[PDB]
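The next block holds one structure in the form of structure tokens; read it before the comments.
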Amino acid sequence: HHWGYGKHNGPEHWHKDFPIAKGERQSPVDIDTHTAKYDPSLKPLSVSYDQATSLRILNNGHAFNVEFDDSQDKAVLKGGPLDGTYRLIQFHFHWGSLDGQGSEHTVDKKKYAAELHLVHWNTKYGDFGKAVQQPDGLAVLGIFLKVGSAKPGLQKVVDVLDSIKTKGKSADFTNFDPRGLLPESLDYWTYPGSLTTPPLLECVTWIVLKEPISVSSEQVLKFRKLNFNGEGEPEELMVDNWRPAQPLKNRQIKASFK
Ligand SMILES: [Cl-]
Ligand SMILES: [Zn+2]
């Protein structure tokens with residue numbers, strides 16, 4: 001009986017094994033666009049993904065992760081609210097059973113169809129496992145997906161999902177370029193928060209982009225065909241793997257734009 005997204009193991013049960021679920025800096029949250037403070041001291045984000053090396057894609061039973069070689073400074077995020085260099089280690093998505101839910105973060109209570117998380121750890125700490133222990137250890141870039149037009153650069157991702165259908169499966173996934181997932185503008189809101197899965201550590205600077213990307217209905221449909229189970233236990237579709245909004249408590253959301 002370990003954690004998941006169902007009735008008996010879902011986000012509302014998490015606090016029993018992971019008490020920090022009820023903490024002071026839990027994510028995700030609702031971004032109230034009228035209460036967010038424009039802060040003109042924030043610099044533009046600097047995203048340097050030219051030398052990125054993708055290695056592998058896996059179904060870990062809660063999402064699918066595309067993993068990158070983080071042994072050197074090859075795909076890095078700097079600037080913004082960040083001091084220092086943060087290395088890309090993985091990206092993953094959260095998505096819904098239907099097009100009107102799926103994102104974790106909300107914008108004036110509006111849900112998007114999915115949310116992309118690009119996970120970066122602060123090189124000052126030397127590896128990811130030490131990073132998650134620090135208040136400034138991680139930076140995740142969150143990008144919202146709405147359904148409209150196809151995103152061509154997501155297509156290579158969708159075509160291999162057939163090969164990692166069940167929990168535990170993994171496939172070689174080289175030469176994928178994460179630039180094809182970025183929207184046009186890099187304006188953002190930022191606030192201090194947490195991982196949105198267990199262990200829910202409060203180690204994250206969140207950078208949530210204003211501009212959504214578009215994917216097609218057919219594209220998100222293929223995400224929905226994945227399984228939370230291993231081969232073949234009874235089939236449970238991997239859908240609605242999102243944690244709802246958590247209390248903002250004593251936190252300010254800052255915007256890079258007005
Ligand atoms: Cl993970
Ligand atoms: Zn995530």
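Residue numbering restarts at 1 for every chain of the structure tokens, chains are lettered A, B, ... in their displayed order, and ligands are numbered from 1 as they appear.
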**Nearby residues, ligand 1, 12 Å, only C-alpha atoms and all ligand atoms, as a PyMOL selection string** = chain A and resi 58-67+89-93+117-119+128-129+132+195-200
**Message:** To test your reading of the structure, identify every residue in stretch 5-162 of chain A that backbone DSSP assigns to helix (DSSP H, G or I), and report it as number ranges by chain.
**Reply:** A: 14-16, 19-22, 123-125, 128-131, 152-162
So that I have them on file, write out the residues from the current selection with N, CA, C and O atoms, as a short mmCIF file (atom, residue, chain, number, x, y, z; two decimals), in the first residue's frame.
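New file part-v2.cif:
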data_model
loop_
_atom_site.label_atom_id
_atom_site.label_comp_id
_atom_site.auth_asym_id
_atom_site.auth_seq_id
_atom_site.Cartn_x
_atom_site.Cartn_y
_atom_site.Cartn_z
N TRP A 14 -1.34 11.05 1.62
CA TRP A 14 0.12 11.21 1.71
C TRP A 14 0.68 11.63 3.06
O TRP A 14 1.72 11.18 3.45
N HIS A 15 0.01 12.50 3.77
CA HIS A 15 0.55 13.05 5.02
C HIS A 15 0.85 11.96 6.08
O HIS A 15 1.64 12.18 6.95
N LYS A 16 0.25 10.79 5.96
CA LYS A 16 0.41 9.74 6.96
C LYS A 16 1.79 9.09 6.92
O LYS A 16 2.31 8.76 7.93
N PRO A 19 4.73 13.39 6.60
CA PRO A 19 4.09 14.44 7.39
C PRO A 19 4.32 15.87 6.84
O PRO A 19 3.54 16.77 7.02
N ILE A 20 5.43 16.04 6.13
CA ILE A 20 5.76 17.36 5.54
C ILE A 20 4.70 17.71 4.45
O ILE A 20 4.73 18.79 4.00
N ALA A 21 3.80 16.78 4.05
CA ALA A 21 2.67 17.08 3.20
C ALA A 21 1.85 18.27 3.72
O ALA A 21 1.17 18.96 2.91
N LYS A 22 1.84 18.44 5.05
CA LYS A 22 1.07 19.55 5.65
C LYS A 22 2.04 20.67 5.95
O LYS A 22 1.78 21.45 6.82
N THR A 123 24.39 22.79 -8.75
CA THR A 123 25.72 22.17 -8.76
C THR A 123 26.51 22.42 -7.47
O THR A 123 27.42 21.66 -7.18
N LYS A 124 26.21 23.44 -6.70
CA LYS A 124 27.03 23.70 -5.49
C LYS A 124 27.06 22.50 -4.53
O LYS A 124 28.02 22.32 -3.76
N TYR A 125 26.00 21.70 -4.57
CA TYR A 125 25.81 20.55 -3.72
C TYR A 125 26.30 19.22 -4.24
O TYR A 125 26.13 18.29 -3.53
N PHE A 128 22.32 15.18 -6.86
CA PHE A 128 20.89 15.42 -6.74
C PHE A 128 20.43 15.09 -5.31
O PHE A 128 19.69 15.88 -4.69
N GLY A 129 20.91 13.94 -4.79
CA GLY A 129 20.52 13.43 -3.46
C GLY A 129 20.90 14.43 -2.34
O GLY A 129 20.12 14.62 -1.35
N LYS A 130 22.02 15.14 -2.51
CA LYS A 130 22.35 16.17 -1.51
C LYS A 130 21.56 17.46 -1.73
O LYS A 130 21.16 18.13 -0.78
N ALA A 131 21.40 17.83 -3.02
CA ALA A 131 20.57 18.94 -3.42
C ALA A 131 19.15 18.95 -2.75
O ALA A 131 18.68 20.03 -2.29
N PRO A 152 5.43 19.62 -32.65
CA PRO A 152 6.23 18.61 -33.37
C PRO A 152 7.34 18.07 -32.53
O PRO A 152 7.58 16.90 -32.67
N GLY A 153 7.97 18.88 -31.67
CA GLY A 153 9.08 18.43 -30.87
C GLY A 153 8.76 17.47 -29.74
O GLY A 153 9.69 16.81 -29.27
N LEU A 154 7.49 17.43 -29.27
CA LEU A 154 6.97 16.38 -28.41
C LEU A 154 6.73 15.07 -29.14
O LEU A 154 6.67 14.03 -28.52
N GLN A 155 6.55 15.09 -30.46
CA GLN A 155 6.28 13.81 -31.14
C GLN A 155 7.19 12.62 -30.88
O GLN A 155 6.63 11.56 -30.72
N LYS A 156 8.52 12.77 -30.82
CA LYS A 156 9.41 11.64 -30.52
C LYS A 156 9.10 11.05 -29.15
O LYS A 156 9.24 9.78 -28.95
N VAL A 157 8.65 11.92 -28.21
CA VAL A 157 8.28 11.41 -26.90
C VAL A 157 7.07 10.46 -27.02
O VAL A 157 7.09 9.32 -26.49
N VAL A 158 6.04 10.92 -27.73
CA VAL A 158 4.80 10.14 -27.82
C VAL A 158 4.96 8.80 -28.53
O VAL A 158 4.40 7.84 -28.06
N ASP A 159 5.77 8.75 -29.57
CA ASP A 159 6.00 7.56 -30.36
C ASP A 159 6.65 6.41 -29.55
O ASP A 159 6.42 5.24 -29.87
N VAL A 160 7.49 6.70 -28.54
CA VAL A 160 8.05 5.61 -27.74
C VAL A 160 7.24 5.17 -26.54
O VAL A 160 7.64 4.23 -25.86
N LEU A 161 6.17 5.88 -26.19
CA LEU A 161 5.42 5.52 -25.00
C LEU A 161 4.89 4.10 -25.10
O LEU A 161 4.81 3.42 -24.09
N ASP A 162 4.54 3.64 -26.29
CA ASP A 162 4.20 2.19 -26.51
C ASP A 162 5.20 1.19 -25.91
O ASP A 162 4.84 0.18 -25.41
#
**Asked** Residues at most 10 Å from residue A:210, counting only C-alpha atoms, excluding those fewer than 6 positions away in the same chain, as an MDAnalysis selection string?
**Response** chainID A and resid 107 142:144 183 185:189 255:257
Save the residues we just selected, C-alpha atoms, as a PDB file, in the first residue's frame?
ATOM      1  CA  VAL A 107      -3.730  30.306 -12.878  1.00  0.00           C
ATOM      2  CA  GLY A 142       6.910  24.388 -15.025  1.00  0.00           C
ATOM      3  CA  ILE A 143       5.258  24.691 -18.478  1.00  0.00           C
ATOM      4  CA  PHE A 144       1.445  24.356 -18.962  1.00  0.00           C
ATOM      5  CA  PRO A 183       7.231  28.287 -25.417  1.00  0.00           C
ATOM      6  CA  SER A 185       8.349  33.832 -24.193  1.00  0.00           C
ATOM      7  CA  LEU A 186      10.221  33.149 -20.982  1.00  0.00           C
ATOM      8  CA  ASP A 187       8.262  35.369 -18.633  1.00  0.00           C
ATOM      9  CA  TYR A 188       7.476  33.649 -15.354  1.00  0.00           C
ATOM     10  CA  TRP A 189       6.157  33.607 -11.852  1.00  0.00           C
ATOM     11  CA  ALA A 255       6.260  37.886 -11.543  1.00  0.00           C
ATOM     12  CA  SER A 256       9.076  38.803 -13.973  1.00  0.00           C
ATOM     13  CA  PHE A 257       6.595  40.871 -16.057  1.00  0.00           C
TER      14      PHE A 257
END
**Asked** What is the distance between atom CA of residue A:112 and atom CA of residue A:24, in Å to one decimal?
**Response** 25.1 Å
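Between residue A:250 and the residues A:102, A:177, A:192, A:37, the shortest atom-to-atom distance, using only C-alpha atoms, involves A:192.
Checking A:205, A:252, A:26, A:9 one by one against residue A:83, counting only C-alpha atoms, you find the shortest gap at A:205.
Between atom CA of residue A:69 and atom CA of residue A:184 the separation is 25.5 Å.
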**Asked** Could you name the residues that touch residue A:99 at 9 Å or less, counting only C-alpha atoms, but leaving out those on the same chain fewer than 4 positions away, as JSON, numbers by chain?
**Response** {"A": [95, 112, 113, 114, 146, 147, 217, 220]}
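Taking atom CA of residue A:82 and atom CA of residue A:122 as endpoints, the distance between them is 9.4 Å.
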What's the 7 Å shell around residue A:150, counting only C-alpha atoms, without same-chain residues fewer than 4 positions away, as a short mmCIF file (atom, residue, chain, number, x, y, z; two decimals) with N, CA and C atoms, in the first residue's frame?
data_model
loop_
_atom_site.label_atom_id
_atom_site.label_comp_id
_atom_site.auth_asym_id
_atom_site.auth_seq_id
_atom_site.Cartn_x
_atom_site.Cartn_y
_atom_site.Cartn_z
N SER A 214 1.06 24.41 -26.85
CA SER A 214 -0.03 23.63 -27.40
C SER A 214 0.38 22.28 -27.83
N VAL A 215 -0.46 21.31 -27.48
CA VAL A 215 -0.32 19.96 -28.00
C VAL A 215 -1.66 19.56 -28.55
N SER A 216 -1.65 18.50 -29.37
CA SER A 216 -2.87 18.04 -29.94
C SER A 216 -3.59 17.10 -29.02
#
**Message:** Could you check the closest approach to residue A:105 for each of A:11, A:1, A:145, A:6 and tell me which residue wins, using only C-alpha atoms?
**Reply:** A:145
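Residue nearest ligand 2 within the list A:73, A:50, A:30, A:104: A:104 [criterion: smallest interatomic distance, only C-alpha atoms and all ligand atoms].
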**Request:** Please give the complete set of residues from stretch 12-249 of chain A that DSSP, run on the backbone, assigns to strand (DSSP E or B), formatted as number ranges by chain.
**Result:** A: 30-31, 37-38, 45-48, 54-59, 64-68, 76-79, 86-95, 106-107, 110, 114-122, 138-147, 170-172, 188-193, 204-209, 213-215, 227, 237
